[PDB]
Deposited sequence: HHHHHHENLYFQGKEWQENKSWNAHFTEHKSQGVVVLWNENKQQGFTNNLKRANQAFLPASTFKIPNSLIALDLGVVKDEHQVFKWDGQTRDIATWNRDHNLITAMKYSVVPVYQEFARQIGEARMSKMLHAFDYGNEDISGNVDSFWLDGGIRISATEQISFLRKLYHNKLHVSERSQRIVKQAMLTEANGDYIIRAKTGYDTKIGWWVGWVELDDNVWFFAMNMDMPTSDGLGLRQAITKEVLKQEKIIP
């Protein structure tokens, strides 16, 4: 009753010769839905969805002063054109600028990063590996249901200031029109791709967390596209 399985959504993954899970949470009804109950609770690397807690920690420790502070390009020409420029928290989130967040993580340091993830109840709370890459290739793991962390963020219940939480929710802003607002973050670890966040409507909020097998970055647009198809199927968005 609290959780309900809907395998019809599998078609949206197999339509694209893929495999994955979408988890939805209806906040007003306190009811969850997914196409795959097992996979909804399997833990994966968070990859760049880790930018959500990393941002909160950087803000609350004063590593980042506000969303306007500029992190200047380090002058290394990288493969992603939008990384080769100055950023602030907003644009760094938007373009998933790993080198900016690696600098945050080094400033934060291991002892504080670990304490804060413990305080967040975030995934397996394990930062084994490099302090500035463990969310990409170290020991940290989180499941889709565990990402649905987001409910605490939404309600300002995380163990960081309300201000830090409002700034990160602002930075997560992805889309808005007269029908809905999406606040979310993508991630990709070269094997699975993520999209996690929520959809704000006039009278409700739907939290989502999706991950999918993702051999190639050619199909990264499928993270949003598959998720939106489910949302349209469920009459959450038009």
- prompt: Where does the model skip over parts of the deposited sequence?
  reply: 1-13, 162
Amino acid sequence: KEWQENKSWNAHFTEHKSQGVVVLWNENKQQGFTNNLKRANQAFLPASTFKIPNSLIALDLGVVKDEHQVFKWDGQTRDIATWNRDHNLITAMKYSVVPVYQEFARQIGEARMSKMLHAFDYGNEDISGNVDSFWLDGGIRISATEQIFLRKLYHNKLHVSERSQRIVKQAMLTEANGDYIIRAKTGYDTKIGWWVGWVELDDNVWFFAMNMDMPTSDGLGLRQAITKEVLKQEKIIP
From here on, numbers count along this sequence of modelled residues.
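Heads up, when I say rigid core I mean the largest set of C-alphas that superpose within 1.5 Å between the two forms.
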task: Find the stretch among 181-189 and 45-53 with the larger RMS C-alpha deviation in 5 other deposited structures of this protein, all structures being superposed on the shown form by the rigid core.
output: 181-189
query: According to the deposited model, is the average Cα temperature factor higher in 67-75 or in 95-103?
result: 67-75
task: Check the entry's C-alpha temperature factors for 184-192 and 47-55, then say which stretch has the higher mean.
output: 184-192
query: When you compare the CA B-factors of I90, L158, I108, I80 as listed in the entry, which one comes out on top?
result: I80
- prompt: If you rank the chain by CA B-factor, which third does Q170 end up in: lowest, middle or highest?
  reply: lowest
- prompt: Going by the entry, which third of its chain does the Cα temperature factor of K152 land in?
  reply: middle
field: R112, C-alpha B-factor rank within chain (lowest, middle or highest third)
entry: middle
- line: Of the three thirds of the chain ranked by Cα temperature factor, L37 occupies the highest
